Amino acid sequence: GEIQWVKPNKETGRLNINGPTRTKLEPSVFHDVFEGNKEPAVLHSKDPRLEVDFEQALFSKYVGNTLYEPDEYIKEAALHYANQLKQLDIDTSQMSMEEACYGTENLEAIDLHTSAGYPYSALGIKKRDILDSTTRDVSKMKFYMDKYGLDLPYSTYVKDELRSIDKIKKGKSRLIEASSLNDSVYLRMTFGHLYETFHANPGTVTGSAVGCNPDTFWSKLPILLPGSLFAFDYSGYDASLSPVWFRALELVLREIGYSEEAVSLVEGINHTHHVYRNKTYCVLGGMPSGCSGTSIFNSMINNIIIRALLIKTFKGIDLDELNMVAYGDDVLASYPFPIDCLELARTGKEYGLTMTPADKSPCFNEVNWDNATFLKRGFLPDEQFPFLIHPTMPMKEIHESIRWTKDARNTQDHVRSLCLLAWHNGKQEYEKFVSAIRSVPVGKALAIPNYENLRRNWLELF
RNA sequence: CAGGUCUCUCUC
RNA sequence: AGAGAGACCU
Ligand SMILES: [Mg+2]
Ligand SMILES: [Mg+2]
Ligand SMILES: [Zn+2]
């Protein structure tokens, strides 16, 4: 992706979109009980922790575009992947505006406690001033679709979250692009069924992990991915995507049977317009991180990508022996023979992709189930039942979370949730964690899940 | 102060 | 069916 032009909102006739500059995050009662190196992201340019220019850091993920049109390696990949999806028989018919707004069995409803985005966000209109979960009225939507139409600008906001202090130093906070509700709807009307299939079938057929549950899915992955493991993260995946991939996406959608006017919407997220404060900018390429289908389209593009890279990098590759699951830019894959990921990253560079070890190690080492990760979690065979696999969120990640809060009101829920992550690291670590929670007044007040109840409840999922 | 997922908690 | 929250990915 690459920013094409930037114009004053005076010149574009775009309403200013301004967001909060102070974080909700406050140290918690547990801040000094546990060790941690994270602090809230830089939200304002006059942040004293800054060592570089904020806004230039913010937008530096737009590294540019390489390809615009697929090459032969990428065409082949797109058609291999689309053939794989054919067996899912996706309903390419348009989803009803009702089901699009209020969801189905395999698709959540539009998030009503979230901004309606441009222009509503500046017109003081919330999503609930238009949508209503009880009525399931759609008519108020239709009037509004007609009024403002589609292809409405994305509202750029900086993301409130804990980041490493290196990334605070360098001001590399995360950008998200608030989608206008109109676009959200129309995309869900076009692809809601595809969403449904993908959510219902995490695994190696969709090649997506969206809609998986790590407590049960982790035991299937060593079976889903047999052979030699390999894995990736990207630095700045979303913005690094050149339009080629979006073209390649189009081919996939055409092949599985989308109409041409359905497939047309892909250029509307390839080529986007964004308002950040008092300016308007154009982005060519780059996934609007924050549109409908973000995680799915990322995951779909990833599947195209891996294949394209394999067959451009290595002789004798047979993509039928490829197993990969992807969650956005997260990849866990396997092949009958060890894959040299340093060479795939080389090829990645030529497509404008910056690829890294999934651990953000400084080099690519052998990947096996004892060091593999996915969605931050590791893989730990249960000591009693070795065929059942624990998802292991690192204690130091859990430690980072617990040290802050956006609202101490939820301390109970927050701590309980972390506990449900932490017990997979086994009895010893969990009581070490619990003891530490207990060593502060507020911890002794909290309802903390018993280890053996957790384990028994995990066992009975099977 | 976005798009999604999973899970938990509280209700009716 | 409604209200919280935490975590994950962009
Ligand atoms: Mg990344
Ligand atoms: Mg990642
Ligand atoms: Zn443009």
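When we count neighbours, we look across all protein chains shown, and the Cβ atoms used for this are built from the backbone with ideal geometry, even at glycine. Each value in this text was obtained by applying a stated rule to the coordinates, not by laboratory testing.
Here are the numbers:
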{"item": "Debye, to nearest 20: dipole size of chain A, +1 on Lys, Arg Cβ, -1 on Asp, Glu Cβ", "result": "1680"}
{"item": "Cβ crowding within 10 Å averaged over residues, with A:342-352, A:242-252, A:15-25 ranked highest first", "result": "A:242-252, A:342-352, A:15-25"}
{"item": "Under 18 Å from the A:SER235 label point (7 Å along Cα→beta-carbon), backbone N, segment A:363-382", "result": "A:363-365"}
{"item": "Highest average packing first - A:220-231, A:158-169, Cβ atoms within 10 Å", "result": "A:220-231, A:158-169"}
{"item": "Residues in segment A:228-264 reached by a label modelled at A:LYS75 [backbone nitrogen below 17 Å; 7 Å Cα→Cβ]", "result": "A:244-256"}
{"item": "Among A:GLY257, A:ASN213, A:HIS193 the positive-end extreme of the charge dipole of segment A:188-293 (Cβ point charges)", "result": "A:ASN213"}
{"item": "Charge dipole of segment A:246-326 about the Cα centre (unit charges at C-beta), most positive-ward option of A:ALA308, A:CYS291, A:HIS273", "result": "A:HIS273"}
{"item": "Gain on full stretching of the segment that runs from A:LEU15 to A:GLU55 - 0.36 nm per residue minus C-alpha separation", "result": "12.4 nm"}
{"item": "Ordering of A:292-305, A:435-448 by packing [mean C-beta count within 10 Å, highest first]", "result": "A:292-305, A:435-448"}
{"item": "Theoretical ellipticity at 222 nm over chain A - DSSP helices of four or more residues, -39500 (n - 2.57) apiece, nearest 500", "result": "-11000 deg cm²/dmol"}
{"item": "Qualifying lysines (Cα of each under 26 Å from Cα of A:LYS172; at least 8 residues distant if same chain)", "result": "A:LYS7, A:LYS24, A:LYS38, A:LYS46, A:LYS61, A:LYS159, A:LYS279, A:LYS349, A:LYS360, A:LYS376, A:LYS396, A:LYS406"}
{"item": "Loop-located trypsin sites (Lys or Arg not before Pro) in segment A:287-325 whose Cβ has at most 11 other Cβ within 10 Å (DSSP)", "result": "A:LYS315"}
{"item": "Model label zone, A:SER439; criterion: amide N under 16 Å from point 7 Å along Cα-to-beta-carbon; scope segment A:389-427", "result": "A:396, A:399-400, A:402-403"}
{"item": "For segment A:193-208, Karplus couplings with θ = phi - 60° (6.51, -1.76, 1.60), whole Hz, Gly/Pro x", "result": "6, 5, 4, 4, 4, 5, 5, 7, 10, x, x, 8, 8, 6, x, 10"}
{"item": "Integer Hz, Karplus 6.51/-1.76/1.60 couplings in order for segment A:454-461, x for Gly and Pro", "result": "5, 5, 5, 6, 6, 3, 6, 6"}
{"item": "Chymotrypsin sites (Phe, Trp or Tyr not before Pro) within segment A:1-89: DSSP coil, no more than 16 neighbouring Cβ in 10 Å", "result": "A:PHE59, A:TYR68"}
{"item": "Loop-located GluC sites (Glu not before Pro) in segment A:40-109, at most 15 other Cβ atoms within 10 Å (DSSP)", "result": "A:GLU51, A:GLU105, A:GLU108"}
{"item": "Length released on extending from A:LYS142 to A:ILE3, taking residue separation times 0.36 nm less the Cα-Cα span", "result": "46.8 nm"}
